[PDB]
Structures are given as structure tokens and as C-alpha cells.
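Enquirer: pasting the first chains of the complex, positions unchanged:
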Amino acid sequence: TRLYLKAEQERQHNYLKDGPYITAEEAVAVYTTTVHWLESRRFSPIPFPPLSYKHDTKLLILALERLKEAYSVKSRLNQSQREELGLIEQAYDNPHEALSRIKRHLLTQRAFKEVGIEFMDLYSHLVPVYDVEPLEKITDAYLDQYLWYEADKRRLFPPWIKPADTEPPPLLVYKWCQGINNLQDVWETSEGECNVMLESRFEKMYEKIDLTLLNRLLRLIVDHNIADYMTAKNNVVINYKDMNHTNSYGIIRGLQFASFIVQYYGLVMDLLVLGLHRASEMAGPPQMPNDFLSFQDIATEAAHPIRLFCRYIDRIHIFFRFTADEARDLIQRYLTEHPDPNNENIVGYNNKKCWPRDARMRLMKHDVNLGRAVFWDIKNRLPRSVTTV
Amino acid sequence: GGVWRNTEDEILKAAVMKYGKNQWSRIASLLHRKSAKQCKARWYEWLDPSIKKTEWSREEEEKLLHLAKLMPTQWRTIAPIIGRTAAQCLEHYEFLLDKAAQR
Amino acid sequence: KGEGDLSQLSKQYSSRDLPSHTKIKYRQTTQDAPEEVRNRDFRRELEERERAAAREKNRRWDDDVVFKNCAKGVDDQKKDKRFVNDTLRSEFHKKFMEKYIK
Amino acid sequence: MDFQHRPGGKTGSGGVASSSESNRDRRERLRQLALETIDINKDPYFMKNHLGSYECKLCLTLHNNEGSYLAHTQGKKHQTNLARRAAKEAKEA
Amino acid sequence: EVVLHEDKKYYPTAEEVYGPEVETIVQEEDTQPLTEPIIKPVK
Amino acid sequence: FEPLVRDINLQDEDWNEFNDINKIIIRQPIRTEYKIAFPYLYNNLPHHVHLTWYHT
Amino acid sequence: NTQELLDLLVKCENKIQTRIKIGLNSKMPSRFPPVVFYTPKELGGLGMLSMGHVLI
Amino acid sequence: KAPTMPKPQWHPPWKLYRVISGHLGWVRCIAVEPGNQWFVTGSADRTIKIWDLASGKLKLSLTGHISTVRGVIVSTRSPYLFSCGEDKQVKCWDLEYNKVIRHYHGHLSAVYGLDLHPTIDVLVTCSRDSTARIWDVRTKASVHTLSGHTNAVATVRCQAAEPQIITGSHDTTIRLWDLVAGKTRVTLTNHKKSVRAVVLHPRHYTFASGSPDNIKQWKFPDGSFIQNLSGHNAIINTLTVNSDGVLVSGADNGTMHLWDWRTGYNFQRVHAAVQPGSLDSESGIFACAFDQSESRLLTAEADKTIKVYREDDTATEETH
Amino acid sequence: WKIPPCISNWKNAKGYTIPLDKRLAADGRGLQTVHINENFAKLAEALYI
């Protein structure tokens, strides 16, 4: 924990003295693509929640029970979580007092104090644990309990923004494999038309989000008075035993509304990768939306040869189909920059002996060159300063 | 709540003067209401003697007016940069100079 | 005449102190025994050995996307294999801090 | 059972008391803290009475606890009104 | 042009602080494993 | 018995692919008694091996 | 379908069996039977779910 | 006009040609085979490793120490080596199987240095508490414990000619012992800053001593102050000497200094720069040794790096 | 060739040693040598326009 926290304050120190890793036009073009996407979708922005909101207690009680669920054992701690449950039961006894106290924190307070970090020792896995003071926890719990239902009411999210509210084996086979088998002429194998999937993770997507560009992006959909609140809560002094270091560039994810930030950043990364035309084909017009992988006017389905897409939280899955000349052009475009052939004893199933060899991927040269070529083709149109693959 | 009256503040000053700097449970063991974290928050917020809680100047204000435009949020990032270091006096200066520029 | 406890003053027949390996293997003639050390040059052999060892290494698809071509992978290449013994900045520590935590 | 990696304790301890002895020792510790801070600061006018309360002597004022006295160093500045007594002590500066 | 943090060239290179005439090795890997001896006796 | 130092064998996919697919003419399965009889043409990579008696 | 996880459950189930056995300092199949384990809390016991008796 | 000025012998200078940096932990000692094949070293990595002399490749490494390794040496009569460190253990590393066969123990404190007798099967070891001790090979029992010091003993050397054992210690004295009786022969009191390096030449007499202040020179029979050298005022750790007359001193500030045997003349005054990971002042020479041809010098420094010097085939390095 | 007293946070030794001075025990406890980069401006107004 000492090593990771000192490396974190070293990289937060090196972000300031070196300037932004993102270029100016690199962010201006993302902002232009997002404002074109929002004027195409006609998503009217989220207003500020009034004190006379209609379904106002119905979200605050959800947030308080969401906080109360994590307290079932009573071998608890000395001060912090007992006054957490004390503030929760004071919000129970007076809903309107905490309801306006959230608004008092929500208009004018943008400088917040220590939250604590621990690590989970999950044995070649470690997740940080950010415990936040409860006086901010009730506020940002009501904040994301408002913002999720407010964003999905006017359908901010396209249907590939996942996990959504159905079940994940529907995301895995019964809308996904049922999505890919129902496509027009799935396998043809006589004209060189082949199916090929990519699975990647947006590596360091969480840390490589500049809060200035983030604040300028999510003030388009959300009112600025709480957009500045959300992008001012994302830096505190991270507390430990002896290391009280502050934050400047990487966002902390132990807060409530950080998941909305992660999924909106994933959506803008999707419209950077998938573009603006193919995503408009997939999610359809605003007057008639689509399902998870259902398309309209199936002649449009045959064009723009990447077939279908899904984005789990930091993991994207692409099914895409090529004909002969398009895949040939893509491979011969990849091979202009990369000499020294038969360097493909790494790709796919070389160490993963989970299937037999007739079930595993055979390393034929054209298929592995197509796989590495489309890995390069998704490796660009995604600059290193925002994410990496 | 944390009202933080002066009778506890001067006791916390004497406790920081006697014991040390990273020594917080031993000095929060004598206040009957406060924990270590809130005492840390006020001592790095109000009771440190390097805090310039008054005497607003001209150079630091013109420094922060094109520093709060580089980043609209992140007042605690620019708090060691200015030297005001209280991280809430910068917010008061920002809203006060924006009230004076509107009136 | 009055030695320590190891000599006579103790019956502590202790463990790890036993007549194990009670014969010494001598370096015979096919190795670098001192009889072949007292006459060999040591200088021309090292020269020919290092001279023998020195020669061992001898469209219409994405016209709507924003970033059409980044044109660089690492911006030079990916072959550095350098050594920083500062343990916070070593690349082994970089793989340790990018692999095990997420 | 893990006898080596359990939260242990010594036999015949008796434990720790209730709130009464704890804040009694807290008030005595704050008393010793106030006395050592006035010992370092060298204040000759701090005086304790026959009942455990504090007094400013040039002030002639009572203070119920420690922080009541050691916040009385900024208000009603008679410490600068002893300049008249110093002028009576010495006619020149 | 800005340099990225995931390579982040913190130090001068050994070749340009030692000169091109000398050799440097970054050998952290063992050939000739533990079963293979060094003496190789008469057998 | 318990095995010895030669626990894990390792051959990469293309080499033992070109060596072994469902290609050999099998008539009866090669039993372990065939290898304990002589482990030289029915089994590969031998070490710490002893060689038995035949037809007293 | 996954055989390597069915082996892992058999490996870890008997391991927590042995961990409860060494808490009693018994480690015996006959003195400390699995009847002690596979009984519900409503009639008394610990209450666990078998996946080792699946004939992997 | 200076005394012994016209008569130094001209030694050609030493220059860098390769560096060896693979350790993760401070490399401490250097030993080399008499058969000119490879050289063995230890570290604070707790992994003793050997390095090929000509190619520079890593031949093998091997671990087993609980603390750092403060000494390593290889035998000439026997096909195995010895190692020792601060884990209170002296290990006898076999080379036919790369394993420990003896595991010497009996020292009440840590171990600094060790040395072998060139002819017989005994070993001498200098430790941290107050003592040097004699370990008998084939018995692993302490024959004599040399108890005459009041502080730690830094280095130790022993030879076949009388007197046998030379122990320089951290109580600012050297003493030369009797290996038979166990009592000391002569004690040597100089060097206000403590002695850390003694060495045999090995052709003729007059051994040398090493200390931070006014490095000196001695004699085998009866003791004799021959000469003191110039102002090498750094705190030093190692001395190594060649038969043709050149000597090298390795210090703690990175400055390593050459000398001659005929006069006492400082020749080169070379300083080693740092490889990139190290900071400005971390370099300190803790080991130095020649080849058995003595055509190559190689040092192990505090930057976890072995630097190897060869000769220079030039002529314009004349003595003023 | 002398030494100042120790201003440690945990000492558990002879004297914790409080004078009037020697309190921050650093340069300023935090320093970045320029504290900012101007390319931030090359970002910021470029987003604003």
C-alpha cells in the first residue's frame, strides 16, 4: 500500500510539471464529437433538482437503505460508522432536513477533506477501499440515485452501455449469441467472408481522465452547478497512516457517482472508437430506438463491416465480419509498417490449454495477420493520452 | 457537527505543541467529542501557524484568476501553489471577486 | 590446560556437529589443479577466448472517425532493455504495479 | 484456534473503567497539560484556588476549566494596561 | 510533442554517460541450470 | 510411487501439432505394460530408467 | 464441463473438512464422520452443500 | 629535486571496457578461480552468482543465505568454494553439485571476512564481536579462537610462510598471530582511523596495510615500517596488488587510486561515474581483484555494478 | 562538523526537543519547482473557445 500510494503521488506530481498528456486539438475534437452526438440524439440536459421535486423522497430512501444494507454485523468501529448510522437514522426521522442539507452541500461546497484508503488482499488481485465521511456519502448517494434514473429516463445511454437492468447471461448468449446467429449470412466460406471477434480492456481507463476535460464534457448533459460539484469531489487528500497525499489527475472510484463518470467516459470512448455513423445505425433514431443488438432496415446492417459491439465496465467485445478484398486491403495496409514475418507464436491459444487443439485456434498466417491487423486498427483511433489497448 | 470552539482549539494548539505532528490519537484522547480525523482536518485547515488566514494581497489574486481558469474545479490542487494553503479561503476569494465583478 | 566448553568440559553431543563429509575431494588433473596453474600463460588464452566470444552477436472504411492515423506505436520502437536500480522506477516494478493491482 | 495471531491480553488485568474514571483522568491530564504549558510560557499570574478552579490575578477573573484560562490571552488586554504600572515603577522608558 | 507517463524517460542513458566504446550488460537471467555442474568431474 | 524432477513436459502447439493429430493408425491402445516392458519406442524422453530381463 | 474446477472443489472441500478436523485435533474418518457436516441448522449442525460426491 | 623521484617504473594506465550490473542488492565481494574461467561474487540480494570473465554472461546464480554475503572465496586445491555473511553462517558451496555440504556455525555474532591457507586444509575467519577463528576443513570444529581485539575485525589474510595470520580490526590496530599456539605474535598500533584492508603481494616480503589516514606498509619478520604513502584521505575498503608492481586502492566515495610498488607514486587518480539508476553520491568500491594473468582488473562498487578495466597501449603517460 | 537535534515525530528516546523554531522541518513540505505548466492554458482556453 505504501508503494502504490507513493507511486500515485509521484504520478500526480509528474502530471503538473509536465502539463497535460492530452493535446489541445485531441480534446477539442472529442468535445466536438460529443456535442454533435448530443445534438443528434436531442438529449435535453439534466436540470437542477428543485426543493419541490415530485419523486424526491422516493430516491433518498433508496439511497439510505442502500447505505443501511452494508451494516448487518454489530461488531463495529468506534466513531465513524456509528455516526454514519446515526446520521442515517436522523435522516430517517427527518427526511426534509437531510434533503435540504444535501442541497446546502450541493450549491456551495467544493473543497472536501480526508477520505481513507485500504487495500483488499485478494491474492493477485487488489481493489482499493475508499471510505468517505458520511456527511458527503448521503449527498452523493442521493446524487447518483437521482442521476441514473434521470439519465435513463430520457435515454442518455445507448443499449450497448452495459451492465444494464436485465441479467448478464442475456448479455452473454441470449442476446449476444442470439444476436450473432440471427445476422444476415453469418458464414459463407466461399468468397472469403469470415467472422472474427476482439476482446480488449481499456487499460488504465480510470486514472487517465483529466478533470478539466471531464468537467467540460459532463456539463453538457448535467447542470454546471452540480457538474462542478462532481468534478470537485473527485480530488481529496488520500489518507493513510503516515502518507497524506492529495489528488489532481486520477479520479477515485470509492464514491457513489463515479460509476456514472466511468460509463459516460466509456460512452464517449465508444463514439471515438465506433464513430458517429455506425453508432447512429446501431442505436437508431431517437423517435424509434433499438434493442441491445436488434437493427432496423437490414440493408443498413450489411454496411460498415463491423457487425456488433458491447461495452462492459472496462471491457469491450466486438464481433465483426470481413469479405475478401476489404480484409486483404486492411492486412496489406498493416504490413507496410511491420516487416519480419512468422512472428506470431504468441497470439491466442499458445498457453491457454483449456480446449483441445481441434477446438483451439489454429495459427494460420492469413487469420493471425488479420487478427493482429484489426488489433492495430482498434489500437489507433484511440490515442494513448485518454486510454490504451 | 464539529462546532470547533476556541476553548478546544487552544487546547489542541497546546497538544500539538507538546506531543508532535503525526501524533493524533494521543491528543484526541483528551477532548471528549472529537476523533483524530476531524482534528487533522482543522489543524491542516485552521491551526497551522503557516496559514495566512488574513492579509489578502494583489499578486496572489491575479495569480489565481488565471489559475481558476486553467482548472475551474480543484481548489485543493492550487492551494499549495498559491501559498494561502487553507483551501477554503481561496473559495471565499473566488466567490467574493466574482460578486465584486458582477454587483 | 582448561580450554573452552567444546573441548572437554561438555557432553553436549549437539546436532549439526557430526563427522559428515570426513573426506576431502581433491581437484584432479583434468580441472584447473595448481600443477597446471604453475605453467600456463593465462593471458593469451583469455585473449583468444574473448576474441571468440566477441563475434557471437553478428480506404472507405473509417472516413468519419476522428483519429484517422496515429502513425506511431511507441514513437520509435519497443526495444530498450535498460536498467534502473531505483526500485520505484524499475520496469520490473512497473510490471509488478500494473499486473497485480487493478 | 490461532493462539499466536489472536487479539491477546494479559491475565489479572481488570479491564478499563466506565466514563467516570476515564474523564476524571482526562481532566487531571488536561490539568497537568495546562500546568506544563504555563510552566513553559512562564506565566506568574495564573493561580489555582482552594476548589480546583483557575484565576487570572491581574485580571482577577475566574475560569472554570483549563481552556477557559488558556483562551484568555487576547481579550480585555490589561497586560498592556500594566504600562501605567511600569511608568509608575520607572519614569522613563 | 509531449512524452507519455507509461515509459517516462527518467534517466540519461548508460551508453551516453559511459561512452559508446564500453560495453554494458543488463543480464538478469540464468543459463546453465542448477542440475548442470561447473566442475564436470571424470564420469 | 511419487514422481520425480521430470514432472512437467513442454512442447509448443505447432510442433506437437505437426507431430500428433488424430493421424496415427491405431488398432489397439498402447497400454502401460508395453512401456514398463520397454520404454524406448512406445514412450519418449526417458531418464532414471532401468532395463529388465527377458525369457529365462 | 470444466473438469479442472470440479477437481478444485474436491480439493478445497476436503481441505475445509480437514481444517475443521484439526480444530478438534482428531483428523479421523471413523471417529469424526461426515454425518456431522451434512445436517441442517434447523436440526442442528453446520450445514454444507456437497459437490465432492459428484463422481468427477 | 625530490627524494625517490627519478625512479618509478612506468605502468600503463587502466581504462573501462565493460560493466556488469545484474544484482538487486549491494554487491560486496569478488573472488576468481585460478583457472581463468569465471569469477564468483555475492550481494545483499542473498544470491551468489558467478560471471564469465571473457564473454560476461551469467553462468549461474544460487541462493540460500538469510542475510547479506560479506565474503566469498574459491579454493585452489579443492573443487569447491566458501562463502560467508551476516547470517551467522559460513557456507561451503560444492561446485560439483552447487549445494552446501558443511554449514559452518559457532560464531556468536556476524561474519565479515574469510581466507584460505594456500597449502593446508584450514581456514581463517574474521567476525564482528571481537574474534577471528580457525575452521578446520574435514572436521568443521574451531581449532583456535583468536581473542585479542576490542572491536570488529574487518579483513584477514593468511599464508604459508611465518608469520601466518594478519588481522586488521576496527579498534584501529592490526595484529599478526601465531597459528599454532593461538596467542598473538605482534600487535601494530597506528592509523587513527581504523584499518580495513591488508593484502599479500605474493612475490616477496613487505605486505601493506589500509586505512583512511596515511596508508602504510609493513614487513613479515619482526615488523618494520617501510614507507607511508601520499594523501589518499578518503575512507577506504579494499586493497589489491599485482606482482609486476602496480597496486589499486578502492574507497567509499567512488574514487579508486592506482599506485606503484617501486616508489609510492599516484599514477592515474580515476573516478567512476554512475550507471543511470544511481544518484550523484552512492558509488563506493567494496571489492577489487585482478585476473590470474593480471591483465584485467575488476571492481564491485556500491552501485550494484562490477566495472572491468583493461590496459592502455599508448606511451604518452609519462611521470613528471 | 556538528549535528542539529532531532525533530522526529516518533522518537521514544531522550528528548522531543521543542524550541520556538524548528517546526516544519523541511523546505516547505511540498515543492514542484515551477508549480504549473503553461500548456494547461493551451488546453483550457482551447476548450473554452
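Expert: All right, it came through fine. Numbers count the residues shown, from 1 in each chain, chains lettered A, B, ... in the order given.
Enquirer: For the residue of chain C found nearest chain D, give me its contacts.
Expert: Across chain C, the shortest distance to chain D (CB to the nearest CB) belongs to residue C:100, at 24.0 Å. In short, each C-beta sits where N, CA and C put it, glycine included. The neighbourhood of residue C:100, defined by CB atoms under 8 Å, 6 or more residues apart in numbering or on different chains, consists of A:124, A:125, A:126.
Enquirer: And residue H:189, by the same measure?
Expert: H:172, H:173.
Enquirer: Mind listing the residues bridging to it?
Expert: residue H:173 (DSSP bridges).
Enquirer: Distance of it relative to residue H:155?
Expert: 17 Å (CB to CB, to the nearest Å).
Enquirer: So what's the residue count around residue 9?
Expert: Picking chain A for this. 17 (other CB atoms under 10 Å in any protein chain shown).
Enquirer: try again with chain H
Expert: If we define neighbours as other CB under 10 Å, then residue H:9 has 13 of them.
Enquirer: And residue G:31, by the same measure?
Expert: Neighbours of residue G:31 (other CB under 10 Å): 9.
Enquirer: give me phi/psi at the spatially most central residue of chain F?
Expert: Centroid-nearest residue in chain F, with CA atoms, centre = their mean: residue F:43, separated by 1.9 Å. Main-chain torsions, residue F:43, degrees, to the nearest 10: phi -140, psi 150.
Enquirer: which residues does it contact?
Expert: Contacts of residue F:43 (CB under 8 Å, 6+ apart): residue F:35.
Enquirer: So whichever residue of chain E sits closest to chain B, which state does it fall into?
Expert: Sorted by distance to chain B under CB to the nearest CB, the residues of chain E start with residue E:2, at 16.4 Å. Assigned by DSSP: H, G, I helix; E, B strand; the rest coil, the conformation of residue E:2 is coil.
Enquirer: ok, now which ones touch the residue in the stretch 151-300 of chain H that chain A sits nearest to?
Expert: Proximity of the stretch 151-300 of chain H to chain A (CB to the nearest CB) peaks at residue H:277, 15.6 Å away. Neighbour list for residue H:277: C:83, C:84, C:85, C:86, C:89, C:90, E:11, H:303 [criterion: CB under 8 Å, 6+ apart].
Enquirer: Make a ChimeraX selection of whichever of those turn out to be buried.
Expert: Filtering these down to the buried ones (16 or more other CB atoms under 10 Å in any protein chain shown) takes a single ChimeraX command:
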select /C:83,84,85,89,90 /E:11 /H:303
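Enquirer: Residue G:14 and residue G:52 touch, don't they?
Expert: Yes. Under the criterion of CB atoms under 8 Å, residue G:14 makes contact with residue G:52 at 6.7 Å.
Enquirer: who's more crowded, the two?
Expert: Taking neighbours as other CB under 10 Å, residue G:14 and residue G:52 compare with residue G:52 leading, 15 against 12.
Enquirer: Include this sequence as RNA strand J:
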RNA sequence: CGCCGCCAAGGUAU
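Expert: Okay, RNA strand J now, added to the rest:
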């Protein structure tokens, strides 16, 4: 084709 079989120091202070 049929694993596995358990003592003690760890606590009622010196």
C-alpha cells in the same frame, strides 16, 4: 486401480 489415523510450547503471571 480404493488418500487419509497428531503430540506439545501458544494463558490463568514472577
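Enquirer: thinking again about what came up before, tell me how far the residue nearest to the centre of chain F lies from residue F:6.
Expert: 12 Å.
Enquirer: Could you do residue C:62 as well?
Expert: Remark: distance between residue C:62 and residue F:6 (CB to CB) = 53 Å.
Enquirer: can you list residues touching both of residue F:43 and residue F:6?
Expert: Residues touching both residue F:43 and residue F:6 (CB under 8 Å, 6+ apart): there are none.
Enquirer: residues touching the closest residue to chain B within chain C, list them.
Expert: Per CB to the nearest CB, residue C:88 is where chain C lies closest to chain B, at 22.1 Å. By CB under 8 Å, 6+ apart, the residues touching residue C:88 are A:3, A:6, A:7, A:10.
Enquirer: what about it, which helix or strand?
Expert: Counting by DSSP states H and E, there is no helix or strand that carries residue C:88.
Enquirer: Relative to chain E, how far out is it?
Expert: Distance, residue C:88 to chain E, by CB to the nearest CB, to the nearest Å: 10 Å.
Enquirer: can you check residue D:15 too?
Expert: Applying CB to the nearest CB to residue D:15 and chain E gives a distance of 53 Å.
Enquirer: pretty sure residue A:91 belongs to a helix, no?
Expert: Yes. Under three-state DSSP, residue A:91 falls within a helix.
Enquirer: how many other residues sit next to it?
Expert: Burial of residue A:91 is recorded as 23 neighbouring residues (other CB under 10 Å).
Enquirer: In this structure it contacts residue A:138, no?
Expert: Yes. If you go by CB under 8 Å, residue A:91 and residue A:138 touch, sitting 6.2 Å apart.
Enquirer: Determine the residues that are contacts of both of the two.
Expert: A:64, A:98.
Enquirer: what does chain D put close to RNA strand J?
Expert: D:3, D:4, D:8, D:11, D:12 (CB under 7 Å from any atom of the strand).
Enquirer: Pull the most distant pair out of these.
Expert: Distance extremes for these: the farthest pair is D:4 and D:12 at 21.3 Å, using CB to CB.
Enquirer: Show the contacting residues for the spatially most central residue of chain G.
Expert: Against the mean C-alpha coordinate of chain G, by CA atoms, centre = their mean, the closest residue is residue G:17 at 4.5 Å. By CB under 8 Å, 6+ apart, residue G:17 lies in contact with G:34, G:37.
Enquirer: so residue A:149, which of the three states?
Expert: At residue A:149 the chain is in helix, as set by three-state DSSP.
Enquirer: Need phi/psi at the closest residue in space to it that isn't next to it in sequence.
Expert: Ranked by CB to CB, 6 or more residues apart in numbering or on different chains and with sequence neighbours excluded, the top spatial neighbour of residue A:149 is residue A:59, at 7.1 Å. The phi and psi torsions at residue A:59 (degrees, to the nearest 10) take the values phi -100, psi -30.
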